[PDB]
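Shown next, in C-alpha cells, is the structure this report addresses.
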Amino acid sequence: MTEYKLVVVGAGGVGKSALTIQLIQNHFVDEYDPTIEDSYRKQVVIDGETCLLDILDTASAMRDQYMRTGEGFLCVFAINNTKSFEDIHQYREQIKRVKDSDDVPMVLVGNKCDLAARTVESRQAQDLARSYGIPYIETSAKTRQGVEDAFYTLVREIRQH
Ligand SMILES: Nc1nc2c(ncn2[C@@H]2O[C@H](COP(=O)(O)OP(=O)(O)O)[C@@H](O)[C@H]2O)c(=O)[nH]1
Ligand SMILES: [Mg+2]
C-alpha cells in the first residue's frame, strides 16, 4: 500500500493533537499534554487506494526528519485565536525554507468551528489560502466536522504534486 507522510503544524493550543486523535480514535480529547510530539499511523482507503498515513503531531530529531521527509503539511489555526491565524505566515515560511520551494502540498485548517466565538472570518482564511495556492478547510476536533476532509484533502494535494 501507499504511505503518505503528513505533518501537523501550528501554534500551541489550536487543536493539532485533538485533530490527530479525532482522526485516529474517533474521540475528542479535552486535555492532551501540550508537550507530547509523536507520530501516529492509520490505515485507510482513500479514493479506492489503501493508504498508510504516517502523521507527525508537532508540539528534536524526529521533527527535523518529518519536516525534511514530510510530503504534506496541515497548517492549523483556531477560528477563535487571532494570534494563531497571524502566526500561520511563520509556519508557511518555515515549510518553504525546509523544502526550498513555494509549491509544497499543504492545507490551511481553521479548527474549533464548533465554538461561537469566532474572531477569524472564513473569508479572511480563504483569502490567505488563496494567496498561498492551497485549500482552506474548517474543522472541529470536538464534533469531527471537516476532520476527514482536511486529512484526505491533504492526501489528494500530495497526489497532484
Ligand atoms: N471546542 C473545541 N475545543 C477544541 C477543539 N480542538 C481542540 N480543542 C481544545 O483546545 C485545547 C488545545 O487542544 P490541543 O489538541 O491540545 O492543541 P495543540 O496544542 O495544538 O496540540 C484543548 O483544551 C482541546 O480540548 C475543537 O475543535 N473544538
Ligand atoms: Mg498537542
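Chain labels follow the order of the C-alpha cells: the first chain is A, the next B, and so on; residue numbering restarts at 1 in every chain, and ligands are counted from 1 in their shown order.
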
Near-ligand residues for ligand 1, threshold 9 Å, only C-alpha atoms and all ligand atoms, as number ranges by chain: A: 8-21, 28-37, 57-59, 76-78, 110-115, 139-145

Could those selected residues go to a file with N, CA and C atoms, as a compact mmCIF listing (two decimals), in the first residue's frame?
```txt
# COMPACT_ATOMS: atom_id res chain seq x y z
N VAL A 8 1.53 17.92 11.01
CA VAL A 8 0.56 18.86 11.53
C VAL A 8 1.30 19.93 12.32
N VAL A 9 1.20 21.20 11.85
CA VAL A 9 1.90 22.33 12.44
C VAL A 9 0.91 23.45 12.77
N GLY A 10 1.38 24.36 13.62
CA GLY A 10 0.59 25.49 14.05
C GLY A 10 0.84 25.80 15.52
N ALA A 11 0.32 26.95 15.96
CA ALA A 11 0.57 27.45 17.30
C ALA A 11 0.06 26.47 18.36
N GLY A 12 0.64 26.57 19.55
CA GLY A 12 0.14 25.84 20.70
C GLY A 12 -1.32 26.15 20.96
N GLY A 13 -2.08 25.09 21.25
CA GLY A 13 -3.43 25.25 21.69
C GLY A 13 -4.49 25.29 20.58
N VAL A 14 -4.11 25.15 19.31
CA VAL A 14 -5.07 25.28 18.22
C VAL A 14 -5.88 24.00 17.99
N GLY A 15 -5.39 22.87 18.49
CA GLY A 15 -6.05 21.58 18.32
C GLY A 15 -5.33 20.60 17.39
N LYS A 16 -4.02 20.73 17.23
CA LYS A 16 -3.27 19.76 16.43
C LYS A 16 -3.42 18.34 16.97
N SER A 17 -3.20 18.19 18.27
CA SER A 17 -3.34 16.87 18.91
C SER A 17 -4.79 16.37 18.84
N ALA A 18 -5.75 17.25 19.18
CA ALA A 18 -7.15 16.87 19.14
C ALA A 18 -7.56 16.41 17.75
N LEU A 19 -7.10 17.13 16.72
CA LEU A 19 -7.44 16.75 15.35
C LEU A 19 -6.90 15.36 15.03
N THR A 20 -5.64 15.13 15.36
CA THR A 20 -4.97 13.87 15.07
C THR A 20 -5.68 12.72 15.79
N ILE A 21 -5.94 12.90 17.08
CA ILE A 21 -6.64 11.90 17.86
C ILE A 21 -8.07 11.65 17.36
N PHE A 28 -12.75 12.91 21.08
CA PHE A 28 -12.29 14.25 21.35
C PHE A 28 -11.60 14.29 22.71
N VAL A 29 -10.29 14.62 22.69
CA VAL A 29 -9.52 14.83 23.91
C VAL A 29 -9.56 16.31 24.30
N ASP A 30 -9.94 16.56 25.57
CA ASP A 30 -10.06 17.84 26.25
C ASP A 30 -8.73 18.40 26.75
N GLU A 31 -7.77 17.52 27.05
CA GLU A 31 -6.59 17.93 27.81
C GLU A 31 -5.42 16.99 27.51
N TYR A 32 -4.97 17.09 26.27
CA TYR A 32 -3.83 16.31 25.83
C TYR A 32 -2.56 17.12 26.08
N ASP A 33 -1.59 16.49 26.73
CA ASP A 33 -0.35 17.13 27.13
C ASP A 33 0.17 17.99 25.98
N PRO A 34 0.33 19.32 26.15
CA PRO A 34 0.75 20.18 25.04
C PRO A 34 2.17 19.94 24.56
N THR A 35 2.95 19.15 25.32
CA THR A 35 4.35 18.90 25.02
C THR A 35 4.59 17.57 24.30
N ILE A 36 3.58 16.70 24.16
CA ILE A 36 3.81 15.40 23.54
C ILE A 36 3.82 15.60 22.02
N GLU A 37 4.97 15.35 21.40
CA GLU A 37 5.13 15.25 19.96
C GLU A 37 5.37 13.78 19.61
N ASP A 57 2.39 14.76 14.79
CA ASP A 57 1.71 15.76 15.58
C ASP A 57 2.78 16.57 16.29
N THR A 58 3.09 17.77 15.77
CA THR A 58 4.20 18.55 16.31
C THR A 58 3.81 19.22 17.62
N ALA A 59 4.80 19.49 18.48
CA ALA A 59 4.50 20.24 19.69
C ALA A 59 5.64 21.21 20.00
N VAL A 76 -2.45 24.56 10.93
CA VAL A 76 -3.66 24.71 11.71
C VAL A 76 -3.62 26.01 12.51
N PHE A 77 -4.75 26.74 12.48
CA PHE A 77 -5.05 27.79 13.43
C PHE A 77 -6.42 27.50 14.01
N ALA A 78 -6.82 28.26 15.04
CA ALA A 78 -8.16 28.13 15.59
C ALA A 78 -8.95 29.40 15.29
N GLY A 110 -8.79 25.75 9.67
CA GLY A 110 -9.35 26.58 10.72
C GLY A 110 -10.16 25.71 11.66
N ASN A 111 -9.57 25.40 12.81
CA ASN A 111 -10.14 24.48 13.77
C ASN A 111 -11.00 25.21 14.81
N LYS A 112 -11.76 24.39 15.55
CA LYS A 112 -12.69 24.83 16.60
C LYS A 112 -13.94 25.50 16.02
N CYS A 113 -14.42 25.00 14.88
CA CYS A 113 -15.54 25.66 14.22
C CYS A 113 -16.86 25.43 14.97
N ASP A 114 -16.81 24.59 16.02
CA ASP A 114 -17.97 24.38 16.87
C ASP A 114 -18.23 25.53 17.84
N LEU A 115 -17.24 26.41 18.04
CA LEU A 115 -17.35 27.50 19.01
C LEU A 115 -18.01 28.74 18.42
N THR A 139 -12.61 22.86 10.53
CA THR A 139 -12.77 21.63 11.25
C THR A 139 -13.21 21.86 12.69
N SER A 140 -13.76 20.80 13.27
CA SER A 140 -13.93 20.70 14.70
C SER A 140 -13.43 19.32 15.11
N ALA A 141 -12.34 19.30 15.90
CA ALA A 141 -11.90 18.07 16.53
C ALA A 141 -12.90 17.55 17.56
N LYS A 142 -13.78 18.43 18.06
CA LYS A 142 -14.78 18.07 19.03
C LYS A 142 -15.92 17.28 18.39
N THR A 143 -16.44 17.78 17.26
CA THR A 143 -17.62 17.19 16.62
C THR A 143 -17.26 16.27 15.45
N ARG A 144 -15.99 16.32 15.01
CA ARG A 144 -15.44 15.62 13.86
C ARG A 144 -15.75 16.31 12.54
N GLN A 145 -16.52 17.38 12.53
CA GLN A 145 -16.77 18.11 11.29
C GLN A 145 -15.45 18.44 10.61
```

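Taking CA of residue 125 in chain A as the reference point, CA of residue 151 in chain A is found at 17.6 Å.
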
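Distances from A:52, A:79, A:150, A:129 to residue 92 in chain A were compared using only C-alpha atoms, and the smallest one belongs to A:129.
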
For ligand 2, which residue out of A:103, A:86, A:148, A:38 is the nearest one, using only C-alpha atoms and all ligand atoms? A:38

Apply DSSP to the backbone of this structure and, from chain A, keep only the residues in alpha helix (DSSP H); write these as a VMD selection string. chain A and resid 16 to 25 61 to 69 82 to 99 122 to 132 147 to 160

Could you write out that same residue set with C-alpha atoms as a PDB file, in the first residue's frame?
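Generated output (result_35.pdb):
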```pdb
ATOM      1  CA  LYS A  16      -3.275  19.761  16.431  1.00  0.00           C
ATOM      2  CA  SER A  17      -3.344  16.871  18.907  1.00  0.00           C
ATOM      3  CA  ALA A  18      -7.148  16.873  19.138  1.00  0.00           C
ATOM      4  CA  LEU A  19      -7.436  16.745  15.354  1.00  0.00           C
ATOM      5  CA  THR A  20      -4.975  13.872  15.065  1.00  0.00           C
ATOM      6  CA  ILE A  21      -6.644  11.897  17.861  1.00  0.00           C
ATOM      7  CA  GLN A  22     -10.102  12.526  16.404  1.00  0.00           C
ATOM      8  CA  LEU A  23      -8.913  11.172  13.062  1.00  0.00           C
ATOM      9  CA  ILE A  24      -7.479   8.013  14.574  1.00  0.00           C
ATOM     10  CA  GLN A  25      -9.588   7.269  17.654  1.00  0.00           C
ATOM     11  CA  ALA A  61      15.436  14.937  15.642  1.00  0.00           C
ATOM     12  CA  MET A  62      12.030  13.403  14.859  1.00  0.00           C
ATOM     13  CA  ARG A  63      10.627  16.803  13.851  1.00  0.00           C
ATOM     14  CA  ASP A  64      13.632  17.543  11.577  1.00  0.00           C
ATOM     15  CA  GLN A  65      13.226  14.163   9.837  1.00  0.00           C
ATOM     16  CA  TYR A  66       9.487  14.665   9.240  1.00  0.00           C
ATOM     17  CA  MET A  67       9.897  18.304   8.190  1.00  0.00           C
ATOM     18  CA  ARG A  68      12.534  17.151   5.698  1.00  0.00           C
ATOM     19  CA  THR A  69      10.784  13.936   4.538  1.00  0.00           C
ATOM     20  CA  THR A  82      -6.467  35.576  16.061  1.00  0.00           C
ATOM     21  CA  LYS A  83      -2.795  35.252  17.003  1.00  0.00           C
ATOM     22  CA  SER A  84      -2.721  31.633  15.808  1.00  0.00           C
ATOM     23  CA  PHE A  85      -4.032  32.786  12.428  1.00  0.00           C
ATOM     24  CA  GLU A  86      -1.494  35.604  12.252  1.00  0.00           C
ATOM     25  CA  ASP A  87       1.224  33.035  13.103  1.00  0.00           C
ATOM     26  CA  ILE A  88       0.379  30.925  10.035  1.00  0.00           C
ATOM     27  CA  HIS A  89       2.714  33.007   7.876  1.00  0.00           C
ATOM     28  CA  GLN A  90       5.662  31.925  10.091  1.00  0.00           C
ATOM     29  CA  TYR A  91       4.775  28.236   9.682  1.00  0.00           C
ATOM     30  CA  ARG A  92       4.440  28.672   5.913  1.00  0.00           C
ATOM     31  CA  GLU A  93       7.792  30.446   5.721  1.00  0.00           C
ATOM     32  CA  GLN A  94       9.391  27.609   7.728  1.00  0.00           C
ATOM     33  CA  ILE A  95       7.968  24.944   5.399  1.00  0.00           C
ATOM     34  CA  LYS A  96       9.122  26.843   2.301  1.00  0.00           C
ATOM     35  CA  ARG A  97      12.665  27.114   3.737  1.00  0.00           C
ATOM     36  CA  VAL A  98      12.912  23.413   4.680  1.00  0.00           C
ATOM     37  CA  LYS A  99      11.570  22.384   1.232  1.00  0.00           C
ATOM     38  CA  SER A 122     -13.935  32.245   6.913  1.00  0.00           C
ATOM     39  CA  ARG A 123     -13.294  34.801   4.168  1.00  0.00           C
ATOM     40  CA  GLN A 124     -10.033  36.014   5.841  1.00  0.00           C
ATOM     41  CA  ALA A 125      -8.734  32.453   5.875  1.00  0.00           C
ATOM     42  CA  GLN A 126      -9.960  31.752   2.343  1.00  0.00           C
ATOM     43  CA  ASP A 127      -8.011  34.865   1.283  1.00  0.00           C
ATOM     44  CA  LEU A 128      -4.837  33.685   2.949  1.00  0.00           C
ATOM     45  CA  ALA A 129      -5.075  30.185   1.481  1.00  0.00           C
ATOM     46  CA  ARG A 130      -5.714  31.673  -1.985  1.00  0.00           C
ATOM     47  CA  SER A 131      -2.544  33.745  -1.582  1.00  0.00           C
ATOM     48  CA  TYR A 132      -0.601  30.540  -0.941  1.00  0.00           C
ATOM     49  CA  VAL A 147     -11.597  16.283  10.054  1.00  0.00           C
ATOM     50  CA  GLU A 148     -11.502  13.561   7.410  1.00  0.00           C
ATOM     51  CA  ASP A 149     -11.868  16.245   4.754  1.00  0.00           C
ATOM     52  CA  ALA A 150      -8.758  18.038   5.977  1.00  0.00           C
ATOM     53  CA  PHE A 151      -6.524  14.990   6.113  1.00  0.00           C
ATOM     54  CA  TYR A 152      -7.874  13.336   2.964  1.00  0.00           C
ATOM     55  CA  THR A 153      -7.652  16.593   1.021  1.00  0.00           C
ATOM     56  CA  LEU A 154      -4.005  16.847   2.053  1.00  0.00           C
ATOM     57  CA  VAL A 155      -3.523  13.362   0.524  1.00  0.00           C
ATOM     58  CA  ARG A 156      -5.283  14.500  -2.697  1.00  0.00           C
ATOM     59  CA  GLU A 157      -2.928  17.520  -2.783  1.00  0.00           C
ATOM     60  CA  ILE A 158       0.165  15.299  -2.428  1.00  0.00           C
ATOM     61  CA  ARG A 159      -1.140  13.200  -5.357  1.00  0.00           C
ATOM     62  CA  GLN A 160      -1.138  16.277  -7.580  1.00  0.00           C
TER      63      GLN A 160
END
```

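Of note, CA of residue 138 in chain A and CA of residue 49 in chain A are spaced 24.8 Å apart.
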
All strand (DSSP E or B) residues (DSSP, backbone) inside chain A, as number ranges by chain: A: 2-9, 38-46, 49-57, 72-78, 106-111, 136-138

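Here the question is which of A:117, A:46, A:56, A:1 gets nearest to ligand 2 using only C-alpha atoms and all ligand atoms, and that residue is A:56.
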
Have a look at A:71, A:2, A:118, A:106 and name the one nearest to residue 48 in chain A; count only C-alpha atoms. A:2

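Considering the residues A:39, A:101, A:137, A:27 and counting only C-alpha atoms and all ligand atoms, ligand 2 has its shortest atom-to-atom contact with A:39.
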
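Across the model, the gap from CA of residue 7 in chain A to CA of residue 41 in chain A is 11.9 Å.
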